[PDB]
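Next comes just one chain, in C-alpha cells: the form deposited in one PDB entry.
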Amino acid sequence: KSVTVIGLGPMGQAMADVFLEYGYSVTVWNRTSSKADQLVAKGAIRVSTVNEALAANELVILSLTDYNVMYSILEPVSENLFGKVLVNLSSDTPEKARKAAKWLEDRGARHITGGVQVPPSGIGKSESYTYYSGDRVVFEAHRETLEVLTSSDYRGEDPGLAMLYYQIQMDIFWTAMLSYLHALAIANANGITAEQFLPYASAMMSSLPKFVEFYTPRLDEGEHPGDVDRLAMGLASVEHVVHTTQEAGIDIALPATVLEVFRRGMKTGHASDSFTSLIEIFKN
C-alpha cells in the first residue's frame, strides 16, 4: 500500500488524505511545496523534486490542473519514466488524453485516464464513480488502489474514452440546464414562479430517457423514418417556442440556435424524416 500523488490542489489533497486514512504510504510533490504542509502533518512524505516523487512508487496519480502541466514537469525528466504507471485526472478532451498516453508510452511508461465524476468531498465514498480508460491489464493491476478513492467504471482501451464519456454527459448537462433557465425566464415573464414550474420541468426531464431509449436502436441502424414524427412538424413546434420567447421579451439566442439546426436539416432534404436526422447536421 504505497502511492505517489503529484499535484496538491483540492482534489490531490482529498485523495492523498483518503490514502493516508486507509493506511497507504503516500509520497507527494507540488511546485509550491507549502501546499503539502497539512498532509505532511498527517504522515505524507513530501519530496523536493519530481525525480524523487517518480522514484518512490510504480503508481503515480497526476491531479494536475491540465495536461500541459504534465509535459512541463515530465518532459525534462523523460529518462526516468520507465515502468511507471501515470493516472491522469486532468479534465480535458479525448485527443489530449490520447496524445499524452502515446508520449508516455514512448518513454516506457503506461497511462490510465481518469474522469472523476465528483468534487473533492466525494473522494473516499463508494457511491462516487470515476471513468477509467487505457490498457485493461494495466488498469486491472491498479484497480484495488484506485477503488480506495471511488468506485470505478472502466470504459475501454482507448485512453480518450474516460474523457469522452465525461464530456458528452456535460454537453447534455449544460445545454439542458440552460434550457431550464431559459424556460423559467419565459415563465417568470408570464407571472409563474420556479416553485409552480418545478413539477412540470421535472416531469419533462424525467421523460427524456424514454425518448432516448426509443430512438437508440434506430440511430444505431442509421434509420430516421418519419413513422412517429416528422422534422417539418418539429420545426413548426420550435417556431412556436421562438415566438413565445420573443413575445415574453426573453433572449432568443438559445432557441434561435435550435431553430437554425432544424432549418439546416430541412434545407438538406429531411422534411419527411424523423428529427433524429438532425444528427447528420451535427456530423457536419
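Rigid core here is just the name for the largest C-alpha set that superposes within 1.5 Å across the two forms. Each residue number is its position in the shown sequence, starting from 1.
The form deposited in another entry exists for this protein as well; it is not shown, and the discussion that follows is about that form.
- Superposed on the rigid core, the two forms differ between this form and the one not shown by 2 Å or more at the C-alpha of one listed residue only; from 244, 237, 216, 51 that residue is 51.
- After superposing the rigid core, the C-alpha of residue 257 moves by less than 2 Å between this form and the one not shown.
- When two forms of a protein are overlaid on their rigid core, residues whose CA moves 2 Å or more are considered shifted, and residue 82 is one of them between this form and the one not shown.
- After superposing the rigid core, the Cα of residue 73 is displaced by 2 Å or more between this form and the one not shown.
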